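Asks: PDB entry and its sequence, pasted below:
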Amino acid sequence: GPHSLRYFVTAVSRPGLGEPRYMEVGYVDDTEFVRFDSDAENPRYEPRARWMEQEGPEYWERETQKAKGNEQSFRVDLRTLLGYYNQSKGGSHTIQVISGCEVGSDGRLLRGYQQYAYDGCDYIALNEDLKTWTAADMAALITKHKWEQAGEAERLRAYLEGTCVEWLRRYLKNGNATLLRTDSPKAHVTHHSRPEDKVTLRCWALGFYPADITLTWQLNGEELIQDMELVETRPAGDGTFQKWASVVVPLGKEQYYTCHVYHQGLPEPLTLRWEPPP
Amino acid sequence: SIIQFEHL
Amino acid sequence: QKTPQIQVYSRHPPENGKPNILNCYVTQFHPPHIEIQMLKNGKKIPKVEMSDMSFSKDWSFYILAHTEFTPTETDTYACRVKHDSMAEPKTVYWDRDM
């Protein structure tokens, strides 16, 4: 399948509390493999996956010094946007960046990303053609003209097509088999009281990786989308994930409902029913 | 390897 | 500003008398500054470990707080979050069926 290398960047000013916090977090196929935090006692790039430790001391020193120069660039950027938006030097503000590439099975670039955000709202983004910019407001228009004059879109097309893909394949050689690891969900149904003649049937999916999963409740063969309750997928804390879905059913009609678990680790979708003890 | 960012 | 969404749940299926992990999963909040406490019978738990903060594709941040605990039949647990989006700290109570 396709692969991706993406970097999530955060720069937060905190006037009166110290220097801005800067973070660089890298993901291979949505999996964190490197992270830089300026608030550490020693600010250095650190591997977040054991398979990144084969990379030599020159790689870590090159990335660390690059992050530190990026941090200075963001410190300047936070001051610039105070002028763009006519904001005071006393407030805290956030700059966020998503940067990276999506690569297909043939090794060719599928999608390139360079997206910015200021205080949680879109600021500017590189368009899918990798030649034009989409600016979200008047302040972003200043950045757009500045970047158009300097050919910045030109500079990222070269990085996204060349540098990003080459690093992604280099990282993939060390961690390709690790990223494909899956853990299938273990599932069961629980039974809970409801007022009067109703009961709740809760279908659990536990200990699965990756996080993508689908849980459905069926009366006969009809999916009960409008009537069920479900929680957002959540981490167990040990690397796996959890999710549940529940429906309120009439008392005595529990055996009329079926739960279905769809996960990429399963040979075929799981089918479950409420099962009372002997 | 993350890109070197350009000023806004 | 975006209001945090909170889930309080155990890592393993809860069994009274068996050591476990209680999680407080806080998502969809902006700005990233946040304060998260875990309470036992209304009283702050002193050792609460925090995961590194990450952010999503809609730009909102998320983080996992957890603490070792041994559930009992009558002990009540909760997670309290202070964030600029809300006038008030928000408290979410652990429901062992959820």
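Replies: Perfect, thanks for sending it. Numbers count the residues shown, from 1 in each chain, chains lettered A, B, ... in the order given.

Asks: can I get stretch A:58-77 in CSV, CA atoms only?
Replies: C-alpha atoms of stretch A:58-77 as CSV (Å, rounded to 0.1, in the frame of the first residue of the first chain):
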residue,chain,number,x,y,z
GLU,A,58,25.7,12.3,12.1
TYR,A,59,22.0,12.0,11.3
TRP,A,60,20.8,13.1,14.8
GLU,A,61,23.3,16.0,14.9
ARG,A,62,22.2,17.2,11.5
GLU,A,63,18.5,17.0,12.4
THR,A,64,19.0,18.6,15.8
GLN,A,65,20.8,21.7,14.4
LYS,A,66,18.2,21.9,11.7
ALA,A,67,15.4,21.9,14.3
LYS,A,68,17.2,24.6,16.3
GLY,A,69,17.4,26.8,13.3
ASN,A,70,13.7,26.1,12.5
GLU,A,71,13.0,27.1,16.1
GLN,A,72,14.6,30.5,15.6
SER,A,73,12.6,30.9,12.3
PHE,A,74,9.3,30.3,14.2
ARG,A,75,10.4,32.7,17.0
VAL,A,76,10.7,35.4,14.3
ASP,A,77,7.4,34.2,12.7
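
Asks: ok, residues contacting that stretch?
Replies: A:9, A:11, A:19-20, A:22, A:24, A:34, A:36, A:38, A:43-45, A:95, B:1-2, B:4-8 (CB atoms under 8 Å, 6 or more residues apart in numbering or on different chains). C-betas here are computed from N, CA, C, even on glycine.

Asks: buried stuff in it?
Replies: A:59, A:60, A:63, A:64, A:66, A:67, A:70, A:71, A:74, A:77 (16 or more other CB atoms under 10 Å in any protein chain shown).

Asks: for the residue of chain C found nearest chain A, list each beta-bridge partner.
Replies: Proximity of chain C to chain A (CB to the nearest CB) peaks at residue C:30, 3.9 Å away. When bridges are called by DSSP bridges, residue C:30 pairs up with residue C:2.

Asks: surely it meets residue C:2?
Replies: Yes - contact criterion CB atoms under 8 Å: residue C:30 and residue C:2 qualify, at 4.2 Å.

Asks: need the overlap of contacts for these two.
Replies: Common neighbours of residue C:30 and residue C:2 (CB under 8 Å, 6+ apart) are A:120, C:60, C:85.

Asks: would you confirm that the last one contacts residue C:28?
Replies: In other words, residue C:85. No - contact between residue C:85 and residue C:28 fails when scored by CB under 8 Å: they sit 9.8 Å apart.

Asks: between the two, which contacts overlap?
Replies: Joint contacts of residue C:85 and residue C:28 (CB under 8 Å, 6+ apart) are C:2, C:3, C:4.

Asks: now, among those, which is nearest to chain B?
Replies: When the shared contacts of residue C:85 and residue C:28 are compared against chain B (criterion: CB to the nearest CB), the nearest one is residue C:2, at 22.6 Å.

Asks: mind listing what the closest one touches?
Replies: Contacts of residue C:2 by CB under 8 Å, 6+ apart are A:120, C:28, C:29, C:30, C:60, C:85.

Asks: for chain C, just list every one of the strands.
Replies: For chain C, the strands defined by DSSP state E occupy C:5-10, C:20-29, C:35-40, C:43-44, C:49-50, C:54-55, C:61-69, C:77-82, C:90-93.

Asks: and those: which comes nearest chain B?
Replies: Taking the strands of chain C one by one with CB to the nearest CB, strand C:54-55 is closest: 15.5 Å.

Asks: tell me if the closest one is near chain B.
Replies: No - taking CB under 8 Å from any CB of the partner chain as the criterion, strand C:54-55 and chain B are apart, separated by no less than 15.5 Å.

Asks: of all of chain B, which residue lies closest to chain C?
Replies: For chain B, CB to the nearest CB, closest residue to chain C: residue B:2, 15.5 Å.

Asks: and the residue nearest the centre of the chain?
Replies: If you meant another chain, say so; for now it's chain A. residue A:30 (5.7 Å; CA atoms, centre = their mean).

Asks: chain C is the one I meant
Replies: residue C:24 (2.2 Å).
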